[PDB]
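Here the protein sequences line up with chains A and B, keeping their order.
Using our numbering, read the first sequence as starting at 7 and increasing by one per residue.
Using our numbering, read the second sequence as starting at 388 and increasing by one per residue.
Below: the structure, in structure tokens.
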Amino acid sequence: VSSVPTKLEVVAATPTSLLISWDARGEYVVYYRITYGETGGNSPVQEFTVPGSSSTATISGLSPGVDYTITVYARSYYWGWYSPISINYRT
Amino acid sequence: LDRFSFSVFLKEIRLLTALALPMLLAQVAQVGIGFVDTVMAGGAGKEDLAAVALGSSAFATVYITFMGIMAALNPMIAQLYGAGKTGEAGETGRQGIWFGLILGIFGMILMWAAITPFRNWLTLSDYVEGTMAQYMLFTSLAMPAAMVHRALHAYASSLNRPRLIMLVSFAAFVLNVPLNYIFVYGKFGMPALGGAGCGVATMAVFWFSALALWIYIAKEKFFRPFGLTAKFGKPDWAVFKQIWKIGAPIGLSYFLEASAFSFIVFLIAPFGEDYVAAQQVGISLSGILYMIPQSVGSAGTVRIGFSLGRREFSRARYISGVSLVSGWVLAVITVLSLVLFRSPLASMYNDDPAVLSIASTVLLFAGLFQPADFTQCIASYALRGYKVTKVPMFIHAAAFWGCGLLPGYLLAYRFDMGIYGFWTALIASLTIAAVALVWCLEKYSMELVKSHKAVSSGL
Ligand SMILES: CC[n+]1c(-c2ccccc2)c2cc(N)ccc2c2ccc(N)cc21
């Protein structure tokens, strides 16, 4: 019974890839899975997966200018998911 | 083609609460240094042929010029107090302290080189020579530049809530007056050489304050990682090489006032002897109180680059404004006491003996450039100050001289009593700062939209 890993930030790309540096005050039990996709609806969703206070990582942004939407995920106490939080801001 | 300077007005919500108020004591400890000088201009007049400043103002060139490079870490170590390890911040602090001690040994070798004002082409006050115990204020007070650089690299790590330097570099001058005169002629001390000995005194006091660095790993958690200040990592290990291109672009851009040097002292050089060499009584009273001015943003350069690591993007560069226009209050509400007042009977014969019997064609420019400049670098001490913005904020000033060139021989070639008349495109070279600078500070507070790439979050 909670809310999300609550910050949003993508500062800069590497015009190919992108740094994502969001909130994580500790962990909980331990965890991030982070969505990976455009907002197009096509080009399937994919997965970065990370540890500690580290939702503060960075993608591999293969393709070019196109709008990419990208969520993150907590995991907790219950081996299930605390909340998700998403932004979409592309290249 | 009307305002390519985007949204200039806006740097505002309810910011009245912007407190860079300890960022004044940063430059009141600096009047604490500013003010020894006179305690040995008028402390070493005991020797009359010791107008001695004849060195200690062409020493203080390869100070304030290198001094630049070093004060270029002002951001570095604020911007990584958005992070956490002032020991990684510190491993710079050290890498630099290696600089401010390494470039301090060029200060201290380019100084060795220095000593041949055995040279000539123009007039007195600036050529003659015969008895030179400057000879010695050279070496004796040039032999410091190392420890005197580390002893700045100190406050190049006071860029994060301490001004324990208003503490020392006050009771550092107080250490010096006493000392100063012992060497000019004194007690049990080496009590002979005085036309220098004011200065061997002076510099002893740089190595004194040099370690109120050491002696302030003391009030709280460290800034001491003085493990071997070593480098090697690539061809040349940066965090040092990285300091380079915040360095070059500053001293070489502190070579602004480094030519407002051979401009200000080359128009006493024609038949304008008398009250055009009393120009420098005003333009010394320029620097004397232009300092608590100017250097507020050369203190506010913290509050901004510090709050970039701490990712409050423009939630600091829109205090760039409410710091810009805050001393900008007094930038003009004391250009009033500059075009107005003069050297009265409150002026005696101090910093340069010339008070009674000369004109006020001297407060004519105590307004021209005075406020139209005031802030127009406490812009840049918040450009570089903020970002890396000195890369061609170096070429900020290739125009503050290459645009104030002909307004050099345009007091000469004149239409009126143009004593402030080569202060023409040298208050217009200097008011095109109104632009490129605070241009890149809305090219630039408009870059922390790009970098604030997620407008807010949830709950
Ligand atoms: C001692 C006067 N004074 C000052 C000075 C020192 C402190 C405050 C204001 C001016 C000076 C300051 C700078 N930067 C550069 C050159 C000179 C200089 C040069 C020659 C001279 N004969 C006196 C000079």
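All C-beta atoms, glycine included, are put in the ideal place defined by N, C-alpha and C.
Item, Value
"Whole-number beta carbon distance between residue 543 (chain B) and residue 427 (chain B), since they are thought to touch under 8 Å", "Wrong, their Cβ atoms sit about 25 Å apart, outside the cutoff."
"Start-to-end residues for the beta strand (DSSP E) that takes in residue 93 (chain A)", "90-93"
"Near ligand 1: residue 734 (chain B) beta-carbon under 7 Å from a heavy atom", "no"
"Cutoff 8 Å: residue 467 (chain B) Cβ touching any chain A Cβ", "no"
"Own chain, CB closer than 8 Å to residue 709 (chain B), minus 5 neighbours either side, in chain order", "398, 399, 402, 403 and 405"
"beta-carbon residue 648 (chain B) near ligand 3 non-hydrogen atom, thresh 7 Å", "Of the ligands this structure carries, namely ligand 1, none is ligand 3."
"Any C-beta of chain A under 8 Å from that of residue 845 (chain B)", "yes"
"Residue interval of the beta strand (DSSP E) (run including residue 653 (chain B))", "No beta strand (DSSP E) contains residue 653 (chain B), which DSSP labels as neither H nor E."
"Under 8 Å from the C-beta of residue 774 (chain B): neighbouring residues of chain A", "The contacting residues do not exist; residue 774 (chain B) stays about 13 Å from chain A at best."
"Length of the line joining the Cα atoms of residue 50 (chain A) and residue 67 (chain A)", "14 Å"
"Member of B:822, B:550 and B:727 whose CA lies at the smallest distance from the CA of residue 687 (chain B)", "B:550"
"Enclosing alpha helix (DSSP H) for residue 486 (chain B) [first to last residue]", "475-486"
"Cβ-based neighbour list, residue 594 (chain B), same chain, cut-off 6 Å, excluding 5 preceding and 5 following", "534"
"Interface positions of the region 828-845 of chain B facing chain A (Cβ-Cβ less than 8 Å), listed along the chain", "837, 838, 839, 840, 841, 842, 843, 844 and 845"
"Residue closest to residue 393 (chain B), alpha-carbon to alpha-carbon, out of B:840, B:836, B:621 and B:826", "B:826"
"DSSP state of residue 787 (chain B) mapped onto helix, strand, coil", "coil"
"CB of residue 103 (chain A) within 8 Å of CB of residue 75 (chain A), strictly", "Since the first and last residues shown for chain A are 7 and 97, residue 103 (chain A) lies out of range."
"Inter-residue spacing [alpha-carbon to alpha-carbon] between residue 671 (chain B) and residue 842 (chain B)", "48 Å"
"Per-residue burial, residue 743 (chain B) [other beta carbons within 10 Å of its own, 16 or more giving buried]", "exposed"
"Residue 813 (chain B) vs residue 789 (chain B) beta-carbon contact at 8 Å", "no"
"Nearest residue (CA-CA) to residue 817 (chain B), options B:846, B:768, B:763 and B:795", "B:763"
"Residue 626 (chain B) and residue 479 (chain B) closer than 8 Å at C-beta", "yes"
"Given residue 504 (chain B) as reference, the closest of B:643, B:684 and B:524 once Cα atoms are compared", "B:524"
"Where the alpha helix (DSSP H) through residue 366 (chain B) begins and ends", "There is simply no residue 366 (chain B) to check, as chain B begins at 388 and stops at 846 in what is shown."
"Amino acids of chain B, ordered along the chain, whose beta-carbon sits closer than 8 Å to that of residue 12 (chain A)", "844, 845 and 846"
"Exposure label - residue 796 (chain B); buried when at least 16 CB within 10 Å", "exposed"
"Neighbourhood of residue 564 (chain B) by C-beta, 6 Å cutoff - its chain only, sequence neighbours within 5 removed", "426"
"Beta-carbon gap between residue 17 (chain A) and residue 707 (chain B) smaller than 8 Å", "no"
"Below-8 Å beta-carbon distance, residue 33 (chain A) vs any chain B residue", "no"
"Cβ-heavy atom distance, residue 806 (chain B) to ligand 1, below 7 Å", "no"
"Selection from B:600, B:568, B:808 and B:846 that minimises the alpha carbon distance to residue 852 (chain B)", "No answer is possible for residue 852 (chain B): the residues shown for chain B start at 388 and end at 846."
"beta-carbon residue 424 (chain B) near ligand 1 non-hydrogen atom, thresh 7 Å", "yes"
"CA nearest to the CA of residue 603 (chain B), picked from B:538, B:590 and B:652", "B:538"
"contact_flag[the region 432-439 of chain B, the region 645-659 of chain B] where n(CB pairs < 8 Å) is 3 or more", "no"
"Residue 728 (chain B) burial status per 10 Å Cβ neighbour count (16 or more: buried)", "exposed"
"DSSP state of residue 679 (chain B) mapped onto helix, strand, coil", "coil"
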